[PDB]
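Asks: Quick check, what structure comes out for this input:
(one chain, ligands or ions: 1)
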Amino acid sequence: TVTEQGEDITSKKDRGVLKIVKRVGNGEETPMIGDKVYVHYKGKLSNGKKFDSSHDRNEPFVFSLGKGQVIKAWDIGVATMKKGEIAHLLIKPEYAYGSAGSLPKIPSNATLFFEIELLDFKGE
Ligand SMILES: COc1cc2cc(OC)c1OCC/C=C/CCOC(=O)[C@@H]1CCCCN1C(=O)[C@H]2C1CCCCC1
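Replies: Numbering: from 1, shown residues only. The protein structure is shown below:
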């Protein structure tokens, strides 16, 4: 395997959000922009210095899709997912926290990885 593997799910096709489906979900419907989306996730910097999981809070992470409450890669990535799907996303800084980063959690120009389980989604 190669680091730059996965489907490029960016609109610009700049290989900045790469996705692999690890467990197939069900239903033909992905979430629409506006949906209240429920996930579990495990995230990290690619450099292995920080890890973050919804499981650390013992509760699902909830957010509204496409409202930019999360990084751009999540709005793009979760919109491709089906209920019950677990996916992996490798994210260049342009679809995460950019050259500014988000100190102290995220350094400048950081690449991020997430495993995301799409638990459920309901329309606003
Ligand atoms: C930059 O701030 C964080 C980033 C992440 C988790 C956080 O709290 C648990 C963070 O601090 C408090 C909540 C802030 C959320 C910022 C928005 O976060 C995000 O958009 C994405 C997707 C939703 C899960 C959280 N997340 C993050 O970038 C985490 C990172 C934490 C560090 C390892 C890489 C993930």
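
Asks: For the residue sitting nearest the centre point of the chain, give its distance to the ligand.
Replies: The structure's the chain has its C-alpha centroid closest to residue 74; by Cα atoms, centre = their mean the separation is 3.7 Å. Distance from residue 74 to the ligand, counting by Cβ to the nearest ligand atom, to the nearest Å: 5 Å. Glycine gets a C-beta too; all of them are placed from N, C-alpha and C.

Asks: Is that residue located within a strand, as I assumed?
Replies: No. Remark: residue 74 does not belong to a strand; assigned using DSSP: H, G, I helix; E, B strand; the rest coil, it is helix.

Asks: Pull the contacting residues for it.
Replies: Residues near residue 74 by Cβ atoms under 8 Å, 6 or more residues apart in numbering: 63, 89, 114, 116.

Asks: So the last one belongs to a strand, correct?
Replies: Yes. The secondary structure assignment for residue 116 places it in a strand, going by three-state DSSP.

Asks: Could you find the closest non-adjacent residue to it?
Replies: Spatial nearest neighbour of residue 116, excluding adjacent residues (Cβ to Cβ, 6 or more residues apart in numbering): residue 41 at 4.7 Å.

Asks: What's the separation between the one you found and residue 76?
Replies: Distance check for residue 41 against residue 76: by Cβ to Cβ, to the nearest Å, it reads 15 Å.

Asks: Helix or strand: which one has the residue nearest to residue 116?
Replies: Here residue 41, judged by DSSP states H and E, is contained in strand 36-45.

Asks: what about dumping the CA coordinates of that strand to CSV?
Replies: Output of strand 36-45 as CSV, limited to C-alpha atoms (Å, rounded to 0.1, in the frame of the first residue of the first chain):
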residue,chain,number,x,y,z
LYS,A,36,-28.2,16.4,11.7
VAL,A,37,-25.5,13.8,11.5
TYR,A,38,-24.4,11.4,14.2
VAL,A,39,-21.0,9.7,14.0
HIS,A,40,-18.3,8.0,16.1
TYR,A,41,-14.8,8.8,15.0
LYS,A,42,-11.1,8.2,15.8
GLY,A,43,-8.8,10.9,14.6
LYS,A,44,-5.1,11.8,14.7
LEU,A,45,-2.4,13.9,13.1
